[PDB]
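Enquirer:
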Amino acid sequence: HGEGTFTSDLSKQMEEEXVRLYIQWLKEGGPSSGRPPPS
Numbered sequence: 011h012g013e014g015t016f017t018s019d020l021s022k023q024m025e026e027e028x029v030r031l032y033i034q035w036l037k038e039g040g041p042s043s044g045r046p047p048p049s
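Right, here's the structure in full:
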C-alpha cells in the first residue's frame, strides 16, 4: 500500500549512486572508521 509520497529515484537513481557512496562509506569500514551510514 502507498500514500503517494515523493520518492522513487532514490533507490535506483539516487541509491544507484547511494550504493557507490554507501559502499564508499564501507570502502573505509563505515561502521568502524568514524561516520554513520548514508541513505
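Numbered according to this note's numbering, the sequence shown spans residues 11 to 49. For every residue, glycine included, the Cβ atom is placed at its ideal position computed from N, Cα and C.
Could you give the DSSP three-state label for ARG45: helix, strand or coil?
Expert: In this structure, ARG45 counts as coil in the three-state DSSP scheme.
Enquirer: Helix, strand or coil for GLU26 per DSSP?
Expert: Three-state DSSP puts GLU26 in a helix.
Enquirer: One question on the structure: do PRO47 and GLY39 come within less than 7 Å of each other, judged by their Cβ atoms?
Expert: Cβ atoms of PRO47 and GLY39: not closer than 7 Å.
Enquirer: What does the alpha-carbon distance come out to for the pair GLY44 and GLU25?
Expert: Answer to the nearest angstrom: the Cα atoms are 22 Å apart.
Enquirer: Identify whether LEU36 lies in helix, strand or coil by the three-state DSSP scheme.
Expert: Note: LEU36 maps to helix in three-state DSSP.
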